[PDB]
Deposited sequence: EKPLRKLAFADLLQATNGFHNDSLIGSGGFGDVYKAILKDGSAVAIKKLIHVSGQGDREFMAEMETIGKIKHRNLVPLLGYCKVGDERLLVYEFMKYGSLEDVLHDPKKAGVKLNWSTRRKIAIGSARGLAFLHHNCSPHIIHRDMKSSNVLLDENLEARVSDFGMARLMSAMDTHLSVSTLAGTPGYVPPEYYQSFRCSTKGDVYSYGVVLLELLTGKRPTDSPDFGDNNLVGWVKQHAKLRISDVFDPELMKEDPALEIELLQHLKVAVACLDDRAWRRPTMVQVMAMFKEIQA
């Protein structure tokens, strides 16, 4: 069940929102690591800009991730909405974000693990797009929003910009442009519309990060697309090919999936269900 947590609890569990428990801040607000009075290990997000972006993002998460549970989505355990304070409480994910692991410090992700992360994150997204009615459009898929639990299982997070779309529709007309530089679907720049195929594109970028080990802003999408006609054995993460040269065939197949996801035309991109089926076909 989703719990309504007393504000005093979150206050003392973070030692009065002390800098020492701060594990991230910016844009949306802060994220704190804590142990609740019952021993639960949690991440506590403190949203800022409550008079505007703050409340909207709070409501977006409550209306989406707050209403569903799935093995590849971060669990929202609780919330606190007192006065103009907006806090969201999640199960703590041991190894933080995929971006932290890939672009900082740390912990090594071999190809086997990265493949599981790719599959897991794809499954979470597929659940949003196909199993949920109304469908959920995440709108901010990226490596910092793929969390890794104690088993290095991928769990999709940050539904602050997520929206509900009727299953009878192919797109949703919105008020603003949502997303992150390096991940925005090209058609999002041209129209105030979002779609599940938009999430597919952004997922494609993440899959590229797993294959290359590079940041999207290095864009990466364009850099990989041009080398796809040059030398393919140049874009892959060196630490992946050093493991086993035999993995090259499997890497290129996953690369094909990423390229398909990253098509400029939304209508040509696969659904996340097609992506899963493709992953399954590669393993077999």
Worksheet item: Could you list, start to end, the deposited-sequence stretches with no C-alpha atoms?
Response: 1-2, 108-110, 224-230
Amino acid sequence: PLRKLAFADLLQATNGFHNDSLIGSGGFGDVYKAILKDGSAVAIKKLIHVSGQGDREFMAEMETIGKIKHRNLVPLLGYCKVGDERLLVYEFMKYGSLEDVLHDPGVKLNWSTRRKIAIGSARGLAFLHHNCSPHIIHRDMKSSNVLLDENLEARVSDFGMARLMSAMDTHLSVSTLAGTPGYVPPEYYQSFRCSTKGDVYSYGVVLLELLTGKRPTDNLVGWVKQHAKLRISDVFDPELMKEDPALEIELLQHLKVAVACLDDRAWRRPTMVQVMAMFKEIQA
From here on, numbers count along this sequence of modelled residues.
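Superpose the two forms; the largest set of C-alphas matching within 1.5 Å is the rigid core.
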Item to complete: Consider 46-54 and 235-243 separately and indicate which one has Cα atoms farther, on average, from the shown form in 4 other deposited structures of this protein after rigid core alignment.
Response: 46-54
Item to complete: Please pick 96-104 or 157-165, whichever has its Cα atoms farther from the shown form in 4 other deposited structures of this protein after a rigid core fit.
Response: 96-104
Worksheet entry | Unmodelled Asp30 in at least one third of other entries with both flanks present | no
Worksheet item: When the other PDB entries of this protein are compared, is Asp218 left blank in at least a third of them?
Response: yes
Worksheet item: Is the mean CA B factor in the deposited entry higher across 193-201 or across 79-87?
Response: 79-87
Worksheet, complete the sentence: Going by the entry, of stretches 21-29 and 8-16 the one with greater average Cα B-factor is 21-29
Worksheet item: Say you rank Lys37, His70, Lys225, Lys46 by Cα B-factor from the PDB entry; which sits at the top?
Response: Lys225
Discussion item. Comparing recorded Cα B-factors across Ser157, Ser143, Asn110, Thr170, which one is largest?
Written reply: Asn110
Discussion item. Test of reading the entry: by CA B factor among the chain's modelled residues, which third contains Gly120?
Written reply: lowest
Practice prompt. Using the B-factors in the PDB entry, rank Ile65's C-alpha atom against the chain and give the third, lowest, middle or highest.
Written response: lowest
Fill in: For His138, the third of its chain into which the C-alpha B factor falls
lowest
Practice prompt. Could you say whether, by C-alpha temperature factor, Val174 belongs to the lowest, middle or highest third of its chain?
Written response: middle
Worksheet item: With respect to C-alpha B-factor, does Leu102 fall in the lowest, middle or highest third of the chain as deposited?
Response: highest
